[PDB]
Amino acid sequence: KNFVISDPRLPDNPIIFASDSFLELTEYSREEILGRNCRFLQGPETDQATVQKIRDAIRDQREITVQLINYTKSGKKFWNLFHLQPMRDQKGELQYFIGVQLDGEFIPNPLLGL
């Protein structure tokens, strides 16, 4: 499983954990991504309209699934089916965000443009 956990109580909602698979996919070592917002995976061909939907889902604390282009450390592109989910503690208070990444062009690109 490719996934990261971020802490929205810390400035700029930084990564506090990244799985081994996520590091292999993105070509980053854990030390150079901890404490950073996961936006470093976006690049020139990333649809900003899709990024806007992630921004709203984090604001409203809703789960969302989108497909978008991301970049590995060396600049290699990959399609990312991205599922974001809020994690709440026993008191029903927002505690973490978990983002799961599935690499592949699952939804055909010409259908996604609609």
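From 1 onward, residues are counted along the sequence shown. Definition used throughout: the rigid core is the maximal C-alpha set that superposes within 1.5 Å between two forms.
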Next item on the list: Could you say which moves further from this form in 5 other deposited structures of this protein, stretch 13-21 or stretch 95-103, by root mean square CA distance after aligning on the core?
Entry: 95-103
Check: Mean CA B-factor: is it higher for 36-44 or for 82-90?
Finding: 82-90
Notebook entry, point to check: Out of 64-72 and 25-33, which stretch has the higher average CA B-factor listed in the record?
Noted result: 25-33
Item checked: Out of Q95, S19, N13, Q101, residue topping the C-alpha B-factor column of the entry -> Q95
Checklist line | Ranked C-alpha temperature factor of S6 among modelled chain residues, by third | finding: lowest
